[PDB]
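Count along the sequence shown from 1, add 1, and you get the number used in the deposited numbering.
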Amino acid sequence: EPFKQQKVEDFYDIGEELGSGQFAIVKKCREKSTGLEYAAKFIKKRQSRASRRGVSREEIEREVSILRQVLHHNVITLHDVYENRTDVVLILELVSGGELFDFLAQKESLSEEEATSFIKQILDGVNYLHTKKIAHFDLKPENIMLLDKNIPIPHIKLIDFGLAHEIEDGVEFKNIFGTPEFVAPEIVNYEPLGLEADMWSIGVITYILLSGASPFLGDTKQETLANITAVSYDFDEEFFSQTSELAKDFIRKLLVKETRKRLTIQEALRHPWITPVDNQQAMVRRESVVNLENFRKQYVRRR
């Protein structure tokens with residue numbers, strides 16, 4: 002087994018707790034030898050059987066097997082892996098530039114062309130994963146992070162690969178998964194899963210990015226889930242008054258009931274709204290905007 006048997010305190014000086022999840026606590030560390038700013042995700046190891054605290058010994062080396070395979074600019078990169086007994090701490094690439102949606106909340110104008118700049122960033126990291134047959138099933142606005150906040154056009158990093166899985170060809174993989182809003186209908190029913198699931202999320206992220214209101218959330222969880230299986234999403238004129246017919250079409254072709262008819266990542270990149278062919282399309286994309294009034298009002302309530 003490729004793991005290190007050194008005390009993590011002897012090599013890295015631990016500091017600020019950046020943000021704790023539920024079964025793991027993430028703390029901003031620093032290397033003793035190089036003085037380089039790094040992150041350190043202390044993941045609590047599980048006891049023996051039906052323990053309430055801790056993640057699996059099998060499922061922890063799965064999240065690692067993904068991150069070792071992931072070398073790309075638009076996703077996060079794993080620096081080092083330490084373990085002792087209590088915890089398995091992962092030294093990751095430190096990211097301190099807030100959510101993407103946090104940076105977009107700041108913007109006072111932001112066009113639909115300017116918006117596509119970022120969407121493309123996401124798609125890039127996503128395509129790298131799909132190429133390696135990896136599926137990041139947790140794709141929410143809180144997972145879409147930024148390296149630095151100061152830059153005119155900032156870098157996007159994708160984080161938290163706990164809910165990532167290497168997909169085989171013949172081997173089926175069913176499971177009940179993460180967040181009420183951003184989940185495919187194939188996930189809601191106990192149905193086989195693939196890379197197709199990720200693409201659904203993208204469409205939901207885009208929908209909210211352009212308007213602020215979610216396409217499937219109702220009032221109760223019960224409703225939200227029935228909406229996703231029923232595939233009910235309305236482009237209300239209150240939110241989408243000044244949004245393009247190519248933006249609506251990009252989202253419309255991502256949020257499909259089936260899996261065959263749902264767009265692949267290559268198809269998302271080769272879509273007009275993302276990569277146009279002529280000026281006739283590029284003019285509409287330029288002269289369209291994102292409804293920041295609603296986007297600010299909706300995103301404010303998530304804090």
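Quick reminder that beta carbons are idealized off the backbone N, C-alpha and C, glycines included.
The beta-carbon distance between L140 and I203, rounded to whole angstroms, is 7 Å. This is short enough to meet the 8 Å contact definition.
At the C-beta level, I266 and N128 come within 8 Å of one another.
DSSP places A231 inside the alpha helix (DSSP H), whose first and last residues are 222-231.
For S118, there is no enclosing beta strand (DSSP E); the enclosing alpha helix (DSSP H) covers residues 113-132.
Annotation for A25: the continuous beta strand (DSSP E) segment containing it runs 25-31.
Exposed is the label assigned to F4, since fewer than 16 other Cβ atoms lie within 10 Å of its Cβ.
Straight through space, the alpha carbons of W274 and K254 are spaced by roughly 12 Å. Listed in chain order, the non-local C-beta contacts of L264 below 7 Å within the same chain comprise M200, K254, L255, local neighbours out to five positions each way being set aside.
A106 sits in a helix when the DSSP states are folded into three classes. If you draw a straight line from the Cα of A51 to the Cα of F236, it is about 45 Å long.
Judged by DSSP secondary structure, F217 falls outside any beta strand (DSSP E); it is assigned neither H nor E.
Closest option to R47, judged by alpha-carbon separation, among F240, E288, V89, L147: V89. Rounded to the nearest whole angstrom, the C-alpha separation of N75 and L196 is 18 Å. As the crow flies, the alpha-carbon of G36 is around 23 Å from that of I160.
Setting aside the 5 residues that flank it on each side, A198 is surrounded in the same chain by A136, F138, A185, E187, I188, each with a C-beta closer than 7 Å to its C-beta; the list follows chain order. With contacts defined by Cβ atoms closer than 8 Å, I157 and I123 form a contacting pair. For a cut-off of 8 Å, the C-beta gap from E100 to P153 is around 18 Å, too long to register as a contact.
Annotated as distal: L226 and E182, with beta-carbon spacing of 8 Å or more.
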